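As the structure lists them, so they are numbered: ligands from 1, and atoms in each ligand from 1. The basis for the numbers below is simple: all heavy atoms, side chains too, and nothing from hydrogens, waters or symmetry mates. Sequence lines set the chain letters: A, B, ... in the order given, protein chains first and strands last, and positions in each chain run from 1.
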Amino acid sequence: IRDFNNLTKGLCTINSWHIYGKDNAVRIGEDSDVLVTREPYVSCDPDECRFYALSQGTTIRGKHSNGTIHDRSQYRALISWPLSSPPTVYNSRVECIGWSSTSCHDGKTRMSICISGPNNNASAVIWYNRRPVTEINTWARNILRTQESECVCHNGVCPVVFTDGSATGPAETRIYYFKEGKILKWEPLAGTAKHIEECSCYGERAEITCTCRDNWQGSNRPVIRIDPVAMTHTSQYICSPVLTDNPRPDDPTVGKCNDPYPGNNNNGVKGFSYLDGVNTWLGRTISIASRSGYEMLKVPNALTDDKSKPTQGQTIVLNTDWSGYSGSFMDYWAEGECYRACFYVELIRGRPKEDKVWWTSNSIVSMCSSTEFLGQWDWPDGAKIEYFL
Amino acid sequence: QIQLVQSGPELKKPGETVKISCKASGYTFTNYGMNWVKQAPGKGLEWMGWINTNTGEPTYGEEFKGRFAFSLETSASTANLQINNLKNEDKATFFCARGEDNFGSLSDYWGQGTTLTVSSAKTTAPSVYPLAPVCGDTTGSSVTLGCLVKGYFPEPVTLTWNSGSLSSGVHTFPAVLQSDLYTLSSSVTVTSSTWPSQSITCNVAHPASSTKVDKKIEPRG
Ligand SMILES: *[C@@H]1O[C@H](CO)[C@@H](O[C@@H]2O[C@H](CO)[C@@H](O[C@@H]3O[C@H](CO)[C@@H](O)[C@H](O[C@H]4O[C@H](CO)[C@@H](O)[C@H](O)[C@@H]4O[C@H]4O[C@H](CO)[C@@H](O)[C@H](O)[C@@H]4O[C@H]4O[C@H](CO)[C@@H](O)[C@H](O)[C@@H]4O)[C@@H]3O)[C@H](O)[C@H]2NC(C)=O)[C@H](O)[C@H]1NC(C)=O
Ligand SMILES: *[C@@H]1O[C@H](CO)[C@@H](O[C@@H]2O[C@H](CO)[C@@H](O)[C@H](O)[C@H]2NC(C)=O)[C@H](O)[C@H]1NC(C)=O
Ligand SMILES: *[C@@H]1O[C@H](CO)[C@@H](O)[C@H](O)[C@H]1NC(C)=O
Ligand SMILES: [Ca+2]
């Protein structure tokens, strides 16, 4: 718009899900100059919504796609392209160079942060209106990381959650408040959460909600709620027995609000949730051991009630199909009474599970929320690992 | 809850063809795929491949690409292993198991197994023989009586000392093959108050030959 954005609405009644975006990137990339990506996401400008994702600097088909299972390198770069077109060599815009990103638009223009570096000496640089403004060098010296999906801004201020430290144990997570590229302040993570990675965040009624990842001990997901106005936050867990991280222990009868739920240590998968009282919906893979299938569950009050079991659901990716990372996003500039909630599901094709090929790319699926009850379909990446041989 | 009951054991002469069925219940067939595994006696457990009960597409393992063929009666929730041209080293037991995740890395809930005795041999029905003791007080105030089930093919044989009733102190021994047939036996120990007083009976059923015998161990001494 030509004015900062204020999250003035609340979420709309989430009664079912309608497909919003489909990539088909790996299927088309078997015969088009498509980029190998991973860690995908979706963010909207006032003007348009786009698929964002971390490039690997090669095409699926090019011989340099070999060994793209490695997450970080100097060939990675946050890139961006039209809603539902593949991430083609000829239509991707490079947003900045790095192997961890987050990107959001504040009403006036957008902030993109790409983190780069060796693991022991990494730096974040905060791009604003496509020029580097601020940079933040490492603080704990072992892999500074961030969101992996869009951030949310209220009146110029965008909280961005960063973790620096070990994924196996206590790490230094700090919440930074930027406004227009400059750091307005930062505080350290406070609350009952025990470890923070890859926070999926959305914003309503002047407040920001982030479902993150507990990599050390959590199988239930930790939640940070940030007051963008007062520049404070808190962190608790999702009480619900409906465990949503992956791999996970099987779901209990009663769960744990102020602590990690035991069972699968040193692992996770980025994930999201829509926490709105009765209108709460959660999403987990269907498999407890692997990233196969992805499903949405209405679990009224899952944040707060520690025996909330699901009342309505929706199958998104079939359990005989692969999934991966998920994250929240909304089109904050779309017309209406409220926020249409939406999310995305990375579809990881490649190594390690499908190691007949040596690349790891992924596809993207997006859905937004309908007040209706629309019927459901499953949405497969779709490629046959056998035509690339 | 999940129960995958399979076909009964099968005897088939070399080079033949067998369709081993596996019927699912408890879960929604279509959202979990079938994992098939070979537990060959002196070797261990082998993954054979997996089928997607939603698309119908099988994966096969190297050692299995060729005669093994996965197929599904979706409509009855049944996976079947069909093996063609039964090369003898297909004497083993085949388990179907529900692959938890996509591709079937986790097999949670397994089926009871089906045993393929690939064999040129002929069905011989058994000789059930009551073995009453040459008295011999088998420990203080106890007597052990026996039942030799000789000369049958193929395995199995169901043995029950009196219709399932003598349950404690029974030792049915594994059968052993002497080239063409097996020899199996069981023992049961009772107190002297109970025998020759009640009627201990060997209730032996050879299901391949439609044979059911009840040899009464009569006191003969
Ligand atoms: C047209 O489309 C409409 C709209 O989509 C169709 O109607 C919808 O259809 C859905 C399927 O019928 C239905 O969802 C179901 O809703 C129930 C509530 O009534 C919900 O409980 C179901 O979710 C459980 O079951 C699914 C599989 O069906 C599981 O994948 C899911 O995880 C839930 O079960 C697991 O978690 C529960 C909570 O803890 C446990 O109670 C349960 O034991 C189970 O746990 C095990 O598995 C977990 C992982 O899989 C594991 O972690 C755990 O440890 C355990 O081992 C399901 O979502 C929608 O509500 C329905 N909506 C409407 C409006 O009707 C309609 O059928 C379509 N019509 C046609 C003709 O096709
Ligand atoms: C690139 O891919 C090739 C095959 O496309 C990989 O090949 C293997 O390389 C290792 C040595 O690192 C050998 O032991 C294997 O036998 C090779 N196999 C084949 C088919 O050549 C290669 O490792 C990949 N990576 C690099 C860095 O070249
Ligand atoms: C945005 O929010 C602040 C605080 O709620 C308010 O004072 C300001 O005027 C609002 N501006 C816009 C463009 O909504
Ligand atoms: Ca975890």
Side-chain angles (χ1 to χ4, degrees), chain A residues 1-10 36 46 56-70 73 75 105-109 152-158 163 166-171 173 177 179-180 184 193-200 203-208 211-223 226-231 237-238 242-251 255-256 259-273 284-285 287-291 325-326 332-333 339 350-352 354-360 385 388-389:
Chain A
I1 156 58
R2 196 193 297 272
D3 214 6
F4 286 127
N5 186 232
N6 285 344
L7 326 146
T8 48
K9 278 90 106 151
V36 197
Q56 283 261 213
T58 177
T59 60
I60 320 287
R61 243 57 172 87
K63 296 209 217 84
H64 290 284
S65 53
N66 173 34
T68 38
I69 208 193
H70 302 109
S73 77
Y75 302 122
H105 188 317
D106 54 27
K108 268 138 162 274
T109 195
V152 190
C153 296
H154 190 83
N155 189 52
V157 177
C158 317
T163 311
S166 188
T168 291
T173 300
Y177 299 81
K179 184 183 195 175
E180 295 186 289
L184 282 206
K194 251 65 191 200
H195 187 252
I196 282 299
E197 312 253 302
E198 299 154 350
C199 292
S200 280
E204 45 99 77
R205 290 125 115 204
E207 201 223 311
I208 270 156
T211 314
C212 307
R213 184 212 185 148
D214 191 353
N215 212 74
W216 185 22
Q217 311 157 130
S219 305
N220 42 353
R221 314 203 87 120
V223 175
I226 294 171
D227 181 357
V229 175
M231 283 181 233
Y237 282 63
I238 276 177
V242 185
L243 294 187
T244 35
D245 195 353
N246 180 266
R248 52 183 182 282
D250 139 269
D251 336 322
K256 281 167 168 59
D259 273 315
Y261 192 87
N264 188 284
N265 43 204
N266 304 153
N267 242 326
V269 62
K270 169 169 168 64
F272 79 83
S273 47
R284 28 120 86 128
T285 49
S287 169
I288 56 127
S290 305
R291 289 164 185 180
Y325 270 16
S326 59
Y332 293 94
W333 297 267
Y339 289 135
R351 281 208 163 184
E354 298 195 287
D355 77 329
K356 226 163 182 302
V357 299
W358 300 79
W359 49 257
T360 301
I385 269 292
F388 289 83
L389 304 162

Is it the case that the side chain of A/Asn215 and the backbone of A/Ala167 share a donor-acceptor pair, with hydrogens and angles ignored and the cut-off at 3.5 Å? yes

Any donor-acceptor N/O pair, A/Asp214 side chain to A/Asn220 backbone, under 3.5 Å: no

Restricting to N, O or S atoms, which atom of A/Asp245 is closest to the Ca ion (ligand 4)? OD2

Could you tell me which N, O or S atom of A/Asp214 is nearest to the Ca ion (ligand 4)? O

Any protein heavy atom at under 4.0 Å, with [atom] as the reference point?
{"atom": "atom 14 (O) of ligand 2", "result": "no"}
{"atom": "atom 28 (O) of ligand 2", "result": "yes"}
{"atom": "atom 17 (C) of ligand 2", "result": "no"}
{"atom": "atom 25 (N) of ligand 2", "result": "yes"}
{"atom": "atom 5 (O) of ligand 2", "result": "yes"}
{"atom": "atom 11 (C) of ligand 2", "result": "no"}

Run A/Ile238 and A/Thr211 through side chain to side chain contact (heavy atoms under 4.5 Å, CB included) and show every step you take. CA-CA 9 Å; A/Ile238 276 177; A/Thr211 314; 4.2 Å; yes

Can you name the nearest heavy-atom pair linking A/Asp259 to A/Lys194, along with the distance? OD1-NZ, 3.2 Å

Please find the pair of heavy atoms, one from A/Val152 and one from A/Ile208, that lie closest to each other, and give the distance. O-CD1, 3.4 Å

Give, for atom [atom1] of [X] and atom [atom2] of [Y], the distance between the pair rounded to the nearest 0.5 Å.
{"X": "A/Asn5", "Y": "A/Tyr332", "atom1": "CG", "atom2": "OH", "value": "8.5 Å"}
{"X": "A/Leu7", "Y": "A/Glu207", "atom1": "CG", "atom2": "CD", "value": "10.0 Å"}
{"X": "A/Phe272", "Y": "A/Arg221", "atom1": "CZ", "atom2": "CZ", "value": "9.5 Å"}
{"X": "A/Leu184", "Y": "A/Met231", "atom1": "CG", "atom2": "CE", "value": "5.0 Å"}
{"X": "A/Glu204", "Y": "A/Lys9", "atom1": "CD", "atom2": "NZ", "value": "13.0 Å"}

Give the residues near ligand 3 by chain and number, with the criterion being a heavy-atom distance under 4.0 Å. A/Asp3, A/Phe4, A/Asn6, A/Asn155

Note: O(A/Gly218)-the Ca ion (ligand 4)-O(A/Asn267) angle, rounded to 10 degrees, equals 170°

closest protein heavy atom to atom 20 (C) of ligand 2 is A/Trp358 CZ2, 5.0 Å

Identify the protein heavy atom lying closest to atom 3 (C) of ligand 2, giving its residue, its atom name and the separation to 0.1 Å. A/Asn66 ND2, 3.7 Å

Salt-bridge contact A/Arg213-A/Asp245 (side-chain N to carboxylate O under 4.0 Å): no

